[PDB]
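Trainee: Chains as they are written, first to last, in the working numbering: chain S, 2 to 51; chain F, 6 to 68.
Below: one structure in structure tokens.
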Amino acid sequence: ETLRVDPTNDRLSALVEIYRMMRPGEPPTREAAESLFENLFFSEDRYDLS
Amino acid sequence: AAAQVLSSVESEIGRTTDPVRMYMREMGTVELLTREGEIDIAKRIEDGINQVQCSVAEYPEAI
Numbered sequence: 002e003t004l005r006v007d008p009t010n011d012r013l014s015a016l017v018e019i020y021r022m023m024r025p026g027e028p029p030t031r032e033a034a035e036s037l038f039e040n041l042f043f044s045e046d047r048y049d050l051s
Numbered sequence: 006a007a008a009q010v011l012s013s014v015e016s017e018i019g020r021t022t023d024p025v026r027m028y029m030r031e032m033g034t035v036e037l038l039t040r041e042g043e044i045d046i047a048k049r050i051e052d053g054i055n056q057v058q059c060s061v062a063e064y065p066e067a068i
């Protein structure tokens with residue numbers, strides 16, 4: 002049901018949707034969205050609990 | 006790449022009142038012309054200034 006509701010097709014559309022959700026009112030670009038997705042969670046100096 | 010960007014932004018904005026995003030959208034439509042646009046703009050400005058100077062010279066009351 003989640004796949005049926007989700008209209009995205011590939012990773013690019015997913016990154017575009019994530020970038021539009023994070024900061025709306027901004028045109029989504031591939032490089033900036035990829036950098037944001039890599040720095041929000043896949044960053045050692047930014048994402049590390051204990 | 007101007008109309009599609011504006012349409013996508015207007016369809017994505019959920020009544021957002023952020024002036025920074027509005028300014029970035031208003032300034033993001035115009036692209037850059039490096040080493041070729043500023044020179045033409047300056048040349049057109051100088052041509053307009055020369056036209057104004059010629060119009061003033063044809064108007065002897067200013068002199």
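Note that beta-carbon positions come from the ideal geometry of N, C-alpha and C, so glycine has one too.
Along the alpha helix (DSSP H) that carries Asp23(F), what are the first and last residues, could you check?
Mentor: From DSSP, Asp23(F) is part of no alpha helix (DSSP H); its letter is neither H nor E.
Trainee: Hey, is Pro8(S)'s beta-carbon within less than 8 Å of any beta-carbon in chain F?
Mentor: Closer than 8 Å: no.
Trainee: Using alpha carbons as the reference points, say which of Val61(F), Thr39(F), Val10(F), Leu37(F) lies closest to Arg26(F).
Mentor: The shortest Cα separation from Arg26(F) among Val61(F), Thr39(F), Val10(F), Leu37(F) belongs to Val10(F).
Trainee: Whose C-alpha, out of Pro28(S), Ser44(S), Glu45(S), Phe38(S), is nearest the C-alpha of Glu17(F)?
Mentor: Answer by Cα proximity: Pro28(S).
Trainee: Along the chain, where does the alpha helix (DSSP H) containing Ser51(S) start, and where does it finish?
Mentor: Run containing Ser51(S): none; DSSP gives neither H nor E here.
Trainee: Would the beta-carbon of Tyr20(S) fall within 8 Å of that of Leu37(S)?
Mentor: Contact: yes.
Trainee: Start and end of the alpha helix (DSSP H) containing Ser14(S)?
Mentor: 12-23 is the span of the alpha helix (DSSP H), which, as asked, contains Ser14(S).
Trainee: What number of angstroms, rounded off, separates the C-alpha of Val61(F) from the C-alpha of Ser12(F)?
Mentor: Whole-angstrom Cα-Cα distance: 46 Å.
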